[PDB]
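The residues making up each chain are set out below.
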Amino acid sequence: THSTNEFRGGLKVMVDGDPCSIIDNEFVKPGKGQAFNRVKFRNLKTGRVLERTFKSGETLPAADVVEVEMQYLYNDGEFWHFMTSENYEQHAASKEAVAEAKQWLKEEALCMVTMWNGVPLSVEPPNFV
C-alpha cells in the first residue's frame, strides 16, 4: 500500500511480517549504479532497530498501528490493564508485551500505548514520575 517515495519518519509499515515504524529514510544515487533508498526501522514487536534498502520501484504493505493514551490500572502478573483516557475503553496487555514497561508501573499513571490490529504491543510511560 505504501511506496518508497512516501517513506518517512513515523510511517508504519509491514516488514517481513513484522510491524515497523520508520526512524529515518535516505535517498541515494551511486555514481555508476542503481539508485535506491536507505531506511531505518523501529521494529515495534522486538523493539530492535533494523536497516534496509529499496530500489525506487518497491513497496511495503501499510500496517494499522496507533499510539493511544490510557491509564494503567493493575496487573495480575500475566496481563497488565489500561483504559483509553478518551472514552475509557478497557484494554489489557500480555506479560512480555508491556516489556521494559514493568518496573515503572504506578497504579493510575497515564501511559502511551502502541497498538497493532486492535491488540497492544509496546508501553511507554511519562518518562519519569
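The record lists X-ray crystallography as the method behind this PDB entry and 2.8990 Å as its resolution.

Colleague: An account of the overall build of the protein chain is needed here, citing residue identities and associated values.
Modeller: Scanning the protein chain for helices and strands turns up one helix and 11 strands. Put simply, the protein chain runs from its N terminus to its C terminus through helices and strands in the order β-β-β-β-β-β-β-β-β-α-β-β. Radius of gyration (C-alpha) of the protein chain: 17 Å, far over the 14 Å computed for a compact globule of 129 residues. Each principal axis of the C-alpha atoms in the protein chain carries an extent, and together these give about 60 × 25 × 20 Å. Relative to its 129 residues, the protein chain shows a buried fraction of 34%. Here the contacts in the protein chain between residues at least 6 apart in sequence split such that 39% fall between residues at least 24 apart. A total of about 8,200 Å² of accessible surface is found on the protein chain, and carbon and sulfur atoms cover 51% of it. Separation between the mean location of the 14 positive side-chain charges and that of the 19 negative ones in the protein chain comes to 12 Å.

Colleague: Outline the packing of aromatic side chains, supporting the account with residue identities and numerical values.
Modeller: Centre distance and the angle of the planes are the two values used to describe a pair of aromatic rings. On inspection of all chains with the given rule, the structure shows three aromatic pairs. A ring pair is formed by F41 and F54, whose centres lie 6.4 Å apart and whose planes are at 85°; its orientation type is edge-to-face. Linking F41 in strand β4 (residues 36-43) with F54 in strand β5 (residues 49-55), this pair joins segments that are 13 residues apart in sequence. Here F41 and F54 have matching classes, each one buried. Relative to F82, the ring of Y72 has its centre 5.6 Å away and its plane inclined at 50°; by these criteria the two rings are tilted. One end of the pair, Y72, is in strand β7 (residues 65-75); the other, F82, is in strand β8 (residues 80-84), with 10 residues separating them in the sequence. For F82, a relative accessible area of 6% corresponds to the buried category. Here a set of aromatic residues connected by ring pairs shows up, and it is made of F7, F41 and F54.

Colleague: Quick rundown of the domain arrangement of the protein chain? Include the residues and the values.
Modeller: Often the size quoted for an interface is simply the accessible area lost on bringing the parts together. If you check the domain split of the protein chain, you get domain 1 (1-63) and domain 2 (64-125). The C-alpha centroid of domain 2 is placed 27 Å from the C-alpha centroid of domain 1. The interface of domain 1 with domain 2 comprises eight residues on the first partner and six residues on the second. Approximately 490 Å² of surface area, both sides summed, lies buried where domain 1 meets domain 2, with 77% of it carried by carbon and sulfur atoms. On the domain 1 side of the contact with domain 2, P19, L44 and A63 bury the most area, a combined 69% of that side's loss. Linking domain 1 to domain 2 there are zero salt bridges. Counted by class, the side of domain 1 that touches domain 2 contains five nonpolar, one polar and two charged residues.

Colleague: Before we move on, can you summarise the pairing of strand β10 (residues 110-116) with the specific residues and values?
Modeller: The buried fraction of β10 amounts to five of the seven residues, a majority that puts the element mostly inside the structure. As paired elements, β7 and β10 share seven bridges and run antiparallel to each other. When the bridges of β10 are listed, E67 appears paired with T114. In this structure, β10 lies alongside strand β11 (residues 119-124), joined through five bridges in antiparallel fashion. From the neighbouring strand, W116 faces β11, where its bridge partner is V119.

What counts and what doesn't
- As drawn, each chain counts its residues from 1 in written sequence order, possibly unlike the entry's numbers, and residues without coordinates are not displayed.
- To get the side-chain values, all heavy atoms of the structure are used, and hydrogens and water are removed first.
- Helix and strand definitions follow DSSP, with helices as H or I runs of at least four residues and strands as E runs of at least two, each counted in order from the N terminus.
- Only the C-alpha atoms count toward the radius of gyration. The rule for a globule is 2.2 Å times the residue count to the power 0.38.
- Relative accessible area decides the class of each residue, using a 1.4 Å probe on protein chains only: under 20% of the type maximum gives buried, over 50% gives exposed, and in between gives partly exposed.
- By the convention used here, residues are in contact when the closest approach between their heavy atoms is within 4.5 Å.
- Surface accessibility follows the Shrake-Rupley procedure with a 1.4 Å probe radius. Residue values consider only the protein chains on display as shielding.
- As used throughout, the charge tally considers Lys and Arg to be positive and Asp and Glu to be negative, leaving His and the chain termini uncounted.
- Every charge is mapped to an atom, namely NZ of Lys, CZ of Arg, CG of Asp or CD of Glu.
- Any two of the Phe, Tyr and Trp rings considered here, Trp counted by its six-membered ring, make a pair once their centres fall within 6.5 Å; the pair's planes then place it as stacked at under 30 degrees, edge-to-face at over 60, or tilted in between.
- Domain limits in this description derive from either an automatic procedure or a database domain assignment.
- Buried area, as used here, totals the accessible surface that two parts lose on assembly, with accessibility defined by a 1.4 Å probe and the loss added over both.
- The working definition used for a salt bridge is a side-chain nitrogen of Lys or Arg within 4 Å of a carboxyl oxygen of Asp or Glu.
- Each residue is assigned to one class: nonpolar for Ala, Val, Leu, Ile, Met, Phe, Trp, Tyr, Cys and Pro, charged for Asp, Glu, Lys and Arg, and polar for all the others, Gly among them.
- Strand pairing requires that DSSP identify at least two bridges connecting the strands.

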